[PDB]
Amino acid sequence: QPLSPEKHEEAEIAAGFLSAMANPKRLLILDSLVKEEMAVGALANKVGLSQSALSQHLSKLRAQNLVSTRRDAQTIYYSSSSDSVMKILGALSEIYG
C-alpha cells in the first residue's frame, strides 16, 4: 500500500525544518544562539563567516521560524528559543556524546 498524501505532507515539512538545520555553520549558529543572544558581527567572528553569508544563513533560519530578534539602535540581537531546535540539538548531543 502507498503512503497517504498527508504523510507526504508531514515528511515535506519535517524535511524543510531539518534542511534548515542540515548545514555545519548553521548548526554552529543555532547552538550559539540557543545558548545566548548575539550581535550579527559577533556571530560572524564566532563561526568565522563573512557578514553577507551569515546574514543569508540567518535569513534562512528566519524563513523556518528558527530564530528570534530584538533591536537596539543599529544593532540586532539574535537568539533561539525554538523547542524544535533544542530537541534536534539534544538528540545530536545524545548521538555524538
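Throughout, we count residues from 1 along the sequence that is shown.
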{"query": "Stretch with the greater mean C-alpha B-factor as recorded in the entry, comparing 50 to 58 against 22 to 30", "finding": "50 to 58"}
{"query": "Chain third (lowest, middle, highest) by recorded CA B-factor, residue given as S80", "finding": "lowest"}
{"query": "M86, C-alpha B-factor rank within chain (lowest, middle or highest third)", "finding": "middle"}
{"query": "Ranked against its chain, the third holding the CA B-factor of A73", "finding": "highest"}
{"query": "Entry-reported Cα temperature factor of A14, expressed as the chain third it lands in", "finding": "middle"}
